[PDB]
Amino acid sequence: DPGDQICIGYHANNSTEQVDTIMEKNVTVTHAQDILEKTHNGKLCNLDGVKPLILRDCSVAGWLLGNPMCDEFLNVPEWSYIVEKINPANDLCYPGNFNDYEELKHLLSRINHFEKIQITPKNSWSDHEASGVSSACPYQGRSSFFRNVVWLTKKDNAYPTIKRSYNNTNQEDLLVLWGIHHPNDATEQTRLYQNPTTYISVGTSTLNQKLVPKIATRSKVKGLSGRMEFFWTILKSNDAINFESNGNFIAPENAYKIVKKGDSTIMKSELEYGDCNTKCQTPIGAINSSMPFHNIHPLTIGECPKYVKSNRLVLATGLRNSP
């Protein structure tokens, strides 16, 4: 009669998880470890304890120049990152352009806080009119203008040469903005500025700029065919900036101290604040996971998993599972 027996065998269970391999797809296995995060909370959150700067319908240009519709951002607190819409409504209210804008936006990605300072009190224009206003920049049903730059025009029937200087005595670098106005015809030029042939010189230890109006005919943009072109520079600590002009100058009123440098970005999202908190943020939602990969968005900021385009990424830990 048949005796004693010993058998060697392996684990099996009722698990259904499948895994891919080179020679065969969907092999059912006893134990697997998923390593691909695929979910987000779908909202804009804080990064650690720090709130993002959420521009609403304002663009970065609208914020810094001080579009009257962006008074919400006249003095913003320290931010962790910046949220801007794809096509913000409140940008350059007066038509024209922002010179080297993308390079400014790039500089912005290493800045966490500005502190605005006054560099020329509006009551220092005693020989010019500082009350330039435009229906392209409405504020509360009336014509207004950018709050951080000043549109100077002739006083009496004169526009004396402006020579104004500022020495950055602060420890931090300075962001300075200014502009030039291009009229439609020679008649408008003398009406606003008296002088028919005008210039703007701006000087720094590195900057040596000379602008001249381009008086010419153009299509109406927001009912106006004039243009304003804006410029910017970073005035380093202990350097000075020099402005000279005999017309068409849109003068600096306020400038920005770069008080805090650090990591940041400009995210393009249509979302609004979420009153939540996260350690990892994307333009379409935050990530809370322990996964080493994720697939929600390539643009993240903070301590994040690594982005991949995979729909599925599962490791086999156990062995092949029996039918």
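Residue indices: 1-based, along the sequence shown.
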May I ask you to compare 252 to 260 and 41 to 49 by their mean CA B factor in the entry and name the higher one? 41 to 49
Would you determine, from the values in the PDB entry, which of 124 to 132 and 225 to 233 has the greater average C-alpha temperature factor? 124 to 132
If you check the C-alpha B-factor for each of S59, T282, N277, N67 in the entry, which is highest? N277
Chain third (lowest, middle, highest) by recorded CA B-factor, residue given as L36: highest
Of the three thirds of its chain by CA temperature factor, lowest, middle or highest, which one includes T187? middle
Could you look up the Cα B-factor of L271 in the entry and say which third of the chain it sits in: lowest, middle or highest? highest
Mind checking which third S201 falls in for C-alpha B-factor across the chain? lowest
Which third, lowest, middle or highest, does the CA B-factor of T169 fall in along this chain? highest
